Amino acid sequence: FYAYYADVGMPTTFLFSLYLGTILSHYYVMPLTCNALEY
Amino acid sequence: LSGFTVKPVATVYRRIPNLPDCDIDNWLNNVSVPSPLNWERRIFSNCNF
Ligand SMILES: *[C@@H]1O[C@H](CO)[C@@H](O[C@@H]2O[C@H](CO)[C@@H](O)[C@H](O)[C@H]2NC(C)=O)[C@H](O)[C@H]1NC(C)=O
């Protein structure tokens, strides 16, 4: 599992790597409960 | 006639000192023996062997 990240600018930079040995299937973005956002 | 190349006069060798060992022998020689169904993986990096 590779993951890049960027704080300033559009091009990203390497952040970390992780080995799991399994195939990822799904992903989900959970909502945020607030009173006072896009993904 | 044929070509020629300038022969080197020295040699540059650069390595990172004071680096720990990979101790791969301790990983292979362990009492806990894995199984071919649930084999694991260990990554050795930034060390000497
Ligand atoms: C052999 O493998 C075992 C794993 O089953 C190693 O035990 C781990 O040791 C590390 C420290 O190096 C601990 O952080 C882990 O919690 C241990 N896992 C356990 C107790 O399940 C062991 O170090 C390896 N080497 C030897 C010589 O036994």
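To be clear, the structure that these remarks concern was listed above.
Each chain is numbered from 1 in the order of its written sequence, a scheme that can depart from the entry numbering, and any residue without coordinates is omitted. To read the labels, note that chains go from A and ligands from 1, taken in the order they are written. Taken together, the chains in view make up part of a larger assembly, and the values describe this part alone. Only hydrogens and water are set aside; all other atoms, that is, all heavy atoms of the structure, feed into the side-chain values.

Draft legend 1. The overall build of chain B, seen in detail. When you go through chain B residue by residue, the secondary structure sums to 1 helix and 0 strands. Relative accessibility under 20% of the residue-type maximum defines a buried residue, over 50% an exposed one, and the middle range a partly exposed one, all with a 1.4 Å probe and only protein chains included. When the 49 residues of chain B are sorted by exposure, 4% land in the buried category. Per element, the accessible surface of chain B, about 5500 Å² overall, is 57% carbon and sulfur. By the counting rule applied here, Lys and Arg register as positive and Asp and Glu as negative, while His and the ends of each chain are not counted. Note that the charge is assigned to NZ on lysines, CZ on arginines, CG on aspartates and CD on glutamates. Across chain B, the mean location of the 5 positive side-chain charges is 18 Å away from that of the 4 negative side-chain charges. Secondary structure follows DSSP: runs of H or I at least 4 residues long count as helices, runs of E at least 2 residues long count as strands, and numbering of each begins at the N terminus. Surface accessibility in these figures is a Shrake-Rupley result with a 1.4 Å probe; residues are shielded only by whichever protein chains are displayed.

Draft legend 2. Layout of the environment of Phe49 of chain B. Residue and element names in this part refer to chain B. Residue position: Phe49 is located in the segment after α1 (24-28). On the accessibility criterion, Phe49 (84% relative accessible area) is exposed. When the C-alpha atoms of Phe49 and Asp23 are compared, they prove to be 7.2 Å apart, with 26 residues separating the residues in sequence. We call two residues in contact when some of their heavy atoms are within 4.5 Å. Ignoring anything within four residues of it in the chain, the contact list for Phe49 reads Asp21, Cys22 and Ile24.

Draft legend 3. Spotlight on a nonpolar patch on the surface. The patches described consist of residues with a relative accessible area above 30% and no salt bridge, like charges being joined within 9 Å and nonpolar side chains (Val, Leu, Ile, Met, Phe, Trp, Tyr) within 5 Å. Whenever a carboxyl oxygen of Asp or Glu lies within 4 Å of a side-chain nitrogen of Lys or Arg, that contact is scored as a salt bridge. Among the surface-exposed residues, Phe1, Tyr5, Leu15, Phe16, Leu18, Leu20 and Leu24 of chain A lie close enough to one another that they form a single nonpolar patch of about 730 Å² accessible area. Structurally, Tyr5 of chain A is set in strand β1 (residues 2-5).

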